[PDB]
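Shown below, as C-alpha cells, is a lone chain in the form deposited in one PDB entry; questions about how it binds or moves come after it.
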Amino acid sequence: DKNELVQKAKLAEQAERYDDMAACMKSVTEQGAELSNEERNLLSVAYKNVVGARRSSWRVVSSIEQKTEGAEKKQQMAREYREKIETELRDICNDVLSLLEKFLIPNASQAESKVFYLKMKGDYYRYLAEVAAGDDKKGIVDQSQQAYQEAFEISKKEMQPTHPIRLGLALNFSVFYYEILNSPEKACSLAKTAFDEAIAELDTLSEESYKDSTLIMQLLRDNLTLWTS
C-alpha cells in the first residue's frame, strides 16, 4: 500500500539510499493517485539526489577531459567515461519526465501542484540541456523554457509573491536564463523582481513557511549579488 512505500522512502532517505527512495516514490506515483505535499517533496528529494550524483560526476569528468587536452590516451578515456555518466543522467531525467507526463502533470488538480510539477519539468529539461549535443540542445532548451514559463504564469496568477513555490520557481528560472540561455540581464531582472515583490508584500509571509520563503529570498539575492558584481 501507498503509505508503506512512503514510510519506506522516509527510511531510505535517512539511510542516504536515494535509489531505494526514488524507487519507492516512483512506485507510489505509478499507482496514479494525486500526490500529497509530503509525497511530492519525497519524490523530488529522491530524484534530485539520484541525478545530482551524476551531475557532479559529469562536472568532475568534464573538467578532467578539458585539462587533458594534448594528452591523447587520457583525454579519450575521460571522454568515454563522461559519455557513460551522460547516458545514466539522460535516463534518470527521462524517467522523471515520463512520470511528469504520464501521471503528475495530468492529475494535478491544484494550482500549487501544477506549478511545482511544471517547475520540475523545467528543471529536468535544464539538466538535459547541461549535457545536450549541439544539435539536440535547441529543442531541449525550448522544452525547459516553456515548462518554466507556463509554471511562471500560473504562479503569478495564483500565488502570493512570498509563496515558497513561486520564489523557488523564480530562482530556478533565473538560473536557467543565466546558465542555459546566457542572458544575465534577464536572469538578474527575474531574480530582482521576485525578491523585490516578496519584500514589498512581506506581511503575506505565513508562520508555517516564512523560513522556507526567506531562505529562497537569500538565495535569490546571493545570486543577484554574484551576477551584478
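The first residue of the sequence shown is number 1, and the count goes up from there. Take the two forms, find the largest set of C-alpha atoms that superpose within 1.5 Å, and that set is the rigid core.
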{"property": "Other entries lacking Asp212, at least a third", "result": "no"}
{"property": "Residue gap status of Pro161, at least a third of other entries", "result": "no"}
{"property": "Of 134 to 142 and 152 to 160, the one with larger mean CA B-factor", "result": "134 to 142"}
{"property": "Stretch exceeding the other in mean C-alpha B-factor - 50 to 58, 25 to 33", "result": "25 to 33"}
{"property": "Ranked against its chain, the third holding the CA B-factor of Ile85", "result": "lowest"}
{"property": "Chain-relative CA temperature factor third for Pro184", "result": "middle"}
{"property": "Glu72 CA temperature factor, ranked by third within the chain", "result": "middle"}
{"property": "Ranked C-alpha temperature factor of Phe103 among modelled chain residues, by third", "result": "highest"}
{"property": "Within-chain third of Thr225 by Cα B-factor, per the entry", "result": "middle"}
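Below: the form deposited in another entry, not depicted.
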{"item": "Answer among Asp203, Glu185, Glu30, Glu38 for the CA shift between the shown form and the other one that reaches 2 Å or more, rigid core superposed", "value": "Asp203"}
{"item": "In that other deposited form, shift in Cα separation for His163 relative to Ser206, 3 Å or more", "value": "farther"}
{"item": "CA-CA separation of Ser36 and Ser206, closer or farther in that other deposited form than in the form shown [shift of 3 angstroms or more]", "value": "farther"}
